[PDB]
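Heads up, what comes next is one protein chain in two forms, each shown on its own as structure tokens, labelled structure 1 and structure 2.
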Structure 1
């Protein structure tokens, strides 16, 4: 899960992390007034979308850039009016990026040195890790490629927690000289602890900087939250608005359906995660255009089936559905019913292809065969794949 920047910032603030003063607003005028209340040398306008690279993106309104520096509050409002409502397309969003409904108006600061610092559960040390680079402002992947030695890591023992030894040593590595050096250290200890507190899989600050005034500041942040931790981060998950989600998916989650909309015509719902990915795969390989990926989670239930069939069809971009389910726990029969029972109550008008296998095979093939419905039966996933494709030519 991901929260907006102003949400992340408050959280980091509430936990002793030096962020920049800011106010949130959802209109061009609030933005203006917000620039006034701040009252500072320079202001910073930042569209609030979960994506990154905003400061290099482009709004649909024609505006270029998601982060704008200006000393004049009236400009803040003029720029805002170009952010509020439009679509921002950063190098990390789709083609039409995301629609912005809120903007952050914060106090700019001067940046002497820019450094990249981040904490994450590393799938190599199977533990928390500190990842710093004295070269900030840039996308990390890059710096890595371009100059590996410029990267510094430090495995933190999840039971001992971070140690000055580590913190200070990282601070040194980041470039923070003498006096400042210990400030960056304290801050890094802050991030780690905040990181653990909020069950975050990662907290990324870029730049983790230094001002001329000699202040260590997290000028930007990106926190990814471990979804499996919602049950003990109730307050943090309440802030997840679910506004930037593709219209559809929201619906699916209402019936606990793992939906992930792609850009295709051949919708398809499968049970089990891997088969879900596998089906998109085998579809694309055969010139297909997976319209999505759906996962009926653990077990199924005529409810889900129908529901799953309703979301998929409500989408006018679909020209076929590829059902691929492996009857393990719940036999294929109970699945077949949910399918046929839905085709009728849904009066679907898209060529449907179904591929069943496992417990109760033969029986469920009759449940379908019988219904007299236009259900195309495939022999395996290859079969289902290729056929599901022609059905949209």
Structure 2
């Protein structure tokens, strides 16, 4: 899970991390700032009308630029080619930057846990120097048990280019970032640029935090901040019943158990000329109320012209799954065809339960068969 900048900045401030003074608005009209910074608020990097971030000296100008941002899409290097519709903007007390540095704390598989990653040549496009000069990238692997040591924070701050009284100041901010990184169950805490003001203040000007979904049960307050506005209404409503929805551009909805299997389902539909509209992973747990709801959401989208049910290895006996579809389909009178592939315990009985119901249900034997039946029913 990822939050907006203004949500991360507040979280960082509460844990002793130095950040700018910011305000958020939804309109261009909506500090005593000697200089103001205007930044588009989207869950994506590379925001830099052209440009997602601007610097001016007094308000007036912000009201003129905020009209060209709010309501418009902002296409960056890491956004979809269409871009991301900008809804909020940040107006903060802009500070001068003497030096731009890159710093990040993340759980990396290769590093077997947390690792500090920084470069003295930070700011804007850090990814250039990473590929260009691999020597400008520095790594300090942190021991999850011992924690971040003072020596490691000093060495990173030394390699980041913080000299004199700034070295011990930066090292203290690095320590607070790592402790925050662990406290909030984060997968990535990225500050770019990890700046240096002319007054001698080490500041985190921008912040990008990725949160571990698996830790939500102990991060209630943090996950309550998720706006969920940048997701399709179909996704948010699917999650209410513990169903992970992902939309595509097609006409064949997919209802599968297992992300890997669902991707293979979409992959094999393409192979036979079809285009999958969506794909709704049912996960391990299979509550016969979900299958009831599952069809309700998949059918809501008008582009759906057929639903493909591919369930292989469900925890529940496929017979119970067969009865949930029949009544769920009967209660709502499904219009589009329905190709059903079930596999698991007691399936020979489960299949006849489908076709011997007088309902528009076509059974499939395997995956390749289910795909060809789906592309054929959309003629």
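Just so we're on the same page, rigid core means the largest C-alpha set that superposes within 1.5 Å between forms. Positions refer to the first chain, counted from 1.
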Would you mind checking which of 343, 337, 241, 273 is at the hinge, with one rigid block turning on the other between the two structures? 241
How big is the turn of the smaller rigid part relative to the larger between the two structures, in degrees? 13
Taking the rigid core as fixed, quantify in angstrom how much the C-alpha of residue 362 shifts between the two structures. 6.0
With the core held fixed, residue 151 moves its Cα between the two structures by a number of Å equal to 1.1
To one decimal place, what C-alpha displacement in Å is found for residue 46 between the two structures with the rigid core superposed? 0.6
